[PDB]
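Protein chains in written order, with the deposited numbering: chain F, 205 to 262, 278 to 340; chain C, 613 to 680; chain W, 4 to 76, 82 to 116, 123 to 157, 161 to 262, 278 to 816; chain H, 681 to 816; chain S, 278 to 340.
To keep things clear, I will list the structure first and then write my remarks on it.
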Amino acid sequence: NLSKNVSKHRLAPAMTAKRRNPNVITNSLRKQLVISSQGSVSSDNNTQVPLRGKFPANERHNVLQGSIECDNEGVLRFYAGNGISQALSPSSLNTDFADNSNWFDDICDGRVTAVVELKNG
Amino acid sequence: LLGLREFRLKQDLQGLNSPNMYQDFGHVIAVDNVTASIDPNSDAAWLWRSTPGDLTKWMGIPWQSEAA
Amino acid sequence: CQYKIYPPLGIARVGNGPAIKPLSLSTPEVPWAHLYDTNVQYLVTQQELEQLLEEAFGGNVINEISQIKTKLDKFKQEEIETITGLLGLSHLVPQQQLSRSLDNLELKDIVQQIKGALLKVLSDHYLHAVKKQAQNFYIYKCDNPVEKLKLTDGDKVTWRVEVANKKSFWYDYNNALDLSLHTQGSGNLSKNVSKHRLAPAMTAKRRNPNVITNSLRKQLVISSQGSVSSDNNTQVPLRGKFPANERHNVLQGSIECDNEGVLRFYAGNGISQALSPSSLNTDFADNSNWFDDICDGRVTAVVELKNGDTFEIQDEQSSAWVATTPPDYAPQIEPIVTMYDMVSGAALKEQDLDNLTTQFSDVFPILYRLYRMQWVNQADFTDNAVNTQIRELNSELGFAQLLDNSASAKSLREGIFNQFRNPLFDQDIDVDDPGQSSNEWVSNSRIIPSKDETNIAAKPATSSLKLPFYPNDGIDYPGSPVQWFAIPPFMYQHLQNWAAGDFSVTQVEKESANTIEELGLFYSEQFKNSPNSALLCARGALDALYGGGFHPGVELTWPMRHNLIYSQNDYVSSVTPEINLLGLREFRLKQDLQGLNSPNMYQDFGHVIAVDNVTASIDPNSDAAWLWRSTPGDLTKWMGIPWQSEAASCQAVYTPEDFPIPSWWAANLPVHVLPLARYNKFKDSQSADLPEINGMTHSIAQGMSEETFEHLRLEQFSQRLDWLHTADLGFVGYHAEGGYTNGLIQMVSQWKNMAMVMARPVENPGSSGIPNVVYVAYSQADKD
Amino acid sequence: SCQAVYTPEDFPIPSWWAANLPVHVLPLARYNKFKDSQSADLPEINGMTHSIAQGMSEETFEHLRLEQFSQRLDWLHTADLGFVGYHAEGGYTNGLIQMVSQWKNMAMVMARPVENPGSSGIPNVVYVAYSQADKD
Amino acid sequence: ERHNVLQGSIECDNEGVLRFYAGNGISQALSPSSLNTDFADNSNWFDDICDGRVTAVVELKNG
Ligand SMILES: [Mg+2]
């Protein structure tokens, strides 16, 4: 994927990078900057389950990160969010291509597990 | 046609409850932290063992600014 | 080692005043010589221009126009030509401006008509101009300096100067790269900064990044050179071009030698410009397409005696350097930590600071300088508990208690010492996530937020904000203890010894210490009578320059706080046999002896510079070691381009709490000043013999009770004005935007109009509470 | 937009409607540094330790009072209107934008007593601007 | 201060035809910091556009 010439001949040096939302200090309080959610579905019941979190994590907005469904045959279906991005104040504009403080979006990623329970036991 | 492969991500089995769920490298991130991350016994190796949020945290916030 | 040049690092400041002795200033050669001098004139005065004009009417001139008045009875190109010249005015003002001011005169005594037309042209150019601060350089005979060179008939000295500007060729200033450099710790910088990752050095990209290949980037460098001898006192310009050889002439300085062999170096006129008018300097340090007339370079000499002995002053042991800088807008207000203090700390190891011995004269400069910050910074006038305690002590003539090293004064010394920030940066912190890669020292005092706000509640501070209330090299990292300025390790060590009672002081000092001003005047006398004029000259050139914080600073920046940049840096003596006053040193820059011809004149590190390049530079056989072997332009290339952007960015940094207001470098770029308008409303006593008294009619001023009169004086003395408002920096007019960026843009033209702080007398303060010497900011906007 | 309109001449600063939208005010922080007299029995007097406040001459104590009384603060600086933080732009337009949320945090001016002004020249009734940013 | 503005150039040939050239298209502000952000009304700016009055006198050999 990547030739060793780039590093060795310094063709595009990696830059340092500061924190986003840098005014929130200590790791304990920066946990508020993380939106997270979880859910479970099974083949017995196809009711859809929303993966809803909060920002800042527990003012405060509900963030629909996704929705999960399971059907009669055991296939999980994962719907992403509605594409809602917002800032904690309307006057905070997202003028940078990548690093805008006070903002959140409903993008997510995470871990998919399962348990198989057979008739006999 | 370029082939078919069997691949799986390195995962933190504790997920949302991993003690590395909220790790960082202090005031800045730099290539030195990635170089240290290479050694699987070092305290920066967690960068490759994904907890929820680790694939997309790099990207632009909000994604619309980056799309535009 | 037969002859040396002093000072080893000369300083000259830009100004739009002319490059002639009577209308310029001189870099200090003796520290603290003129702190209370109420006759200083740092701007060109009407009086000075009148006297210049008079002296140009000698001696022929009044006769040769009376002649031409008869030879007359308009002028004639030829007629005016012989007037102009006869006047020695060609060098101050363009030929055609003098001519066309007479070509349109109304002839039909006629001297006075000519005088008035010529005074107006000088006044248009130079009235209220920021005077140039020039550097005199001296050759001393050695055995080790004692005695200036004295020339006899047949003797000659020839000076050579070569300077450059490389700001536009160098890298972005994001922060000080040594913040991540591994170290044992110096007197200037604790090893805790790098060790505990308190303010990590950033990578920095190139300025003007669209100019590629080294050979084309050479166009980005402005350089010039010249020589003068005690055999020609004609001034010589140091004139370059940008881009280097469309194309602008850049005056980087002017040099002259007198018949005694003394070199005088003037800086440029403070002209900054872009190659295109639409390129605005909206960033504090890194503006592409811009050039300024700042410079620095190599100063050498050759002595040639009558018999035919020739002595070359060219090795780094004997040569000198010169650097030009922004003006000093408060020359009598000294930075709390100076560039000389950086020289002093650079040769000390942090580990051995507990072997330092401390006199009270090593501690007094901290308290004295902080005290005098009240004239340029609101926080130190009304929000500094230490300055207020000093005022309490002065009010009881009990300042000398601070010089008491006994156990009964220890509580008093510790209460003061305990309010100062510790440059270990390990107080008022909580350790976050110990043992993790998240490990971090997080301040539990007041932070300085980033402009990129987050609407989450701030963590309440539990520790008090320590002194001084100035930002520092780690400004970029909210919660870092390095966001705020600490006096450097060796100066904090003196203060710690002071608090402990482990300091000495003479009885003669105690007897002059009933107030801080009385003691300051005493120490100033000790500098004046000190015999080592060569080492005082070395120190005086640097004691007015800032020694932190370095983001990037004002005149020079962080490479100066490392012993790496000097070829010599040795303690020599105390100022007085019995009084140290922070000491006298022999220091010299490491120089590339090939100057502008060095193969490393145009060296860099590729697409970025980073701390790894500095780490590599420690090895003197490295391909990075050139970073410390200075070629012309190397000292000033780190600073902002143009400098006026950096100066307009060098003011207040507002926190969500109103008070105290943090200020960057207020001693040389003031933030809150006392304007002339207010001076004229408290300077008079109720018995002053004037028809208007402190802005009131004579009748009203004497109709009020004496109590109310003195109160009005104090109220006016207490009205301090934002220095940025002493000229039009984009906030003037209906619906004017104002703001940070407009100040940056307007400072390119308005720097020459900002208020200049000068000591001025208050003849009869009475019971007003106003001191006999006040420091008054003069500008055209603030004068009424 | 209802604040100062600056002229090339610094003084006097023109102001639009300052009786209802103040331009320069006396903040609570300054009131807490001139309201006490020297004989007060408190660990902290006018922002000074008891020891320092009583150790100085009466004349100087009253002078410090009057200097604090004379410190007037730009009213726009009594909340965060866009000028707070490293490299914050500040300026007129950010003021307009931020006032939508920050109007409720701007300083409110209220009459307050000075029980014993002594001979400092401070009146018995002073009008003090209360906001969270200017309180200390 | 004060800028020279070339508003035009004129020449006449031996048969009496006037040729009028406009300026070089140079526009400028008195300070480089004054930007022309408005489509029509920018203060501190000047350009070298012009318009004016054209007259002549014919002198024949007889007089
Ligand atoms: Mg100064």
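Built from N, CA and C at the ideal position, the CB exists for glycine as well.
W/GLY627 and W/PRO664 do touch by the CB rule: their CB atoms are close to 6 Å apart, below 8 Å. In chain order, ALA813 and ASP816 make up the part of chain W whose C-beta sits under 8 Å from the C-beta of H/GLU689.
Ligand 1 never approaches W/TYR502 closely enough for any of its heavy atoms to be under 8 Å from the residue's Cβ.
About 44 Å separates the beta carbons of W/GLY329 and W/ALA545, which is beyond the 8 Å limit, so they are not a contact pair. Less than 9 Å divides the Cβ of W/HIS139 from the Cβ of W/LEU100.
Excluding five sequence positions before and after C/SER662, the CB atoms of its chain that fall closer than 8 Å to its own CB belong to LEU621, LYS622, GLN623 and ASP624, given in chain order. Between the alpha carbons of C/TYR634 and H/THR687 lies a distance of about 53 Å.
Annotated three-state conformation of H/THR729 is strand, per DSSP. Among the CB atoms of chain H, none fall inside 9 Å of the CB of F/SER247. For C/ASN645, the nearest CB of chain W lies under 9 Å from its own CB, placing it at the interface with that chain.
Per the C-alpha coordinates, the member of W/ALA573, W/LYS208, W/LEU776 and W/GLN284 positioned closest to W/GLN383 is W/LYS208. In its chain, beyond the 5 residues on either side, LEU215, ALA216 and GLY506 have a beta carbon closer than 6 Å to the beta carbon of W/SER512. A Cβ-Cβ contact shorter than 9 Å links W/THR357 with W/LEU577. Closer than 9 Å to the CB of F/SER310 there is at least one CB belonging to chain H. C/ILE641 carries a strand assignment under DSSP once its states are collapsed to helix, strand and coil.
Neighbours of H/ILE777 across chain W, judged by C-beta separation under 7 Å, do not exist; the nearest C-beta is about 12 Å away. Unbroken alpha helix (DSSP H) stretches of 4 residues or longer found wholly inside the region 716-762 of chain H: 730-735 and 738-749, given in chain order. Straight-line spacing of the CA atoms in W/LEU444 and W/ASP436 works out to 10 Å. In the three-state DSSP reduction, F/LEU237 falls in the helix class (H, G or I).
Inter-segment contact for the region 786-794 of chain H and the region 707-718 of chain H is present: three or more beta-carbon pairs are separated by less than 8 Å.
If one requires a minimum length of 4 residues, the alpha helix (DSSP H) runs lying completely within the region 312-394 of chain W are 371-378, in chain order. DSSP places W/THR200 in no beta strand (DSSP E); its state is neither H nor E.
For the C-beta of H/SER781, the chain F residues within less than 8 Å are, from N- to C-terminus, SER308 and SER310. A distance below 8 Å between beta-carbons, with the five flanking residues on each side excluded, links S/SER311 to the following residues of its chain, in chain order: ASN319, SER320, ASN321 and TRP322.
Distances from the CB of W/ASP360 to the heavy atoms of ligand 1 include at least one below 8 Å. Taking C-alpha positions only, W/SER599 is separated from W/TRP660 by approximately 10 Å.
The beta carbon of W/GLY638 lies closer than 7 Å to none in the same chain, with the five residues before and after it left out.
Those residues of the region 491-519 of chain W placed with their C-beta closer than 8 Å to a C-beta in chain H are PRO503, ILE507 and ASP508, ordered along the chain.
Residue contact with chain S for W/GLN305: present (Cβ-Cβ distance below 9 Å to some residue of chain S). When the Cα atoms are used, W/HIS199 and W/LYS212 turn out to be separated by approximately 7 Å. F/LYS258 is bridged by DSSP to F/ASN281. Contact annotation for C/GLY638 against chain W: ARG214, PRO217, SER469, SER470, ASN471 and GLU472 [CB-CB distance below 8 Å, chain order]. Within the region 693-717 of chain H, the residues whose Cβ lies closer than 7 Å to some Cβ of chain W are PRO707 and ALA709, listed in chain order. Residues of chain W whose Cβ lies closer than 7 Å to the Cβ of C/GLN635 are, in chain order, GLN468, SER469 and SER470. When C-alpha distances from W/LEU26 are compared across W/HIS37, W/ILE14 and W/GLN44, the shortest belongs to W/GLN44. Chain F places no beta carbon closer than 9 Å to that of C/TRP660, leaving this residue out of the contacts.
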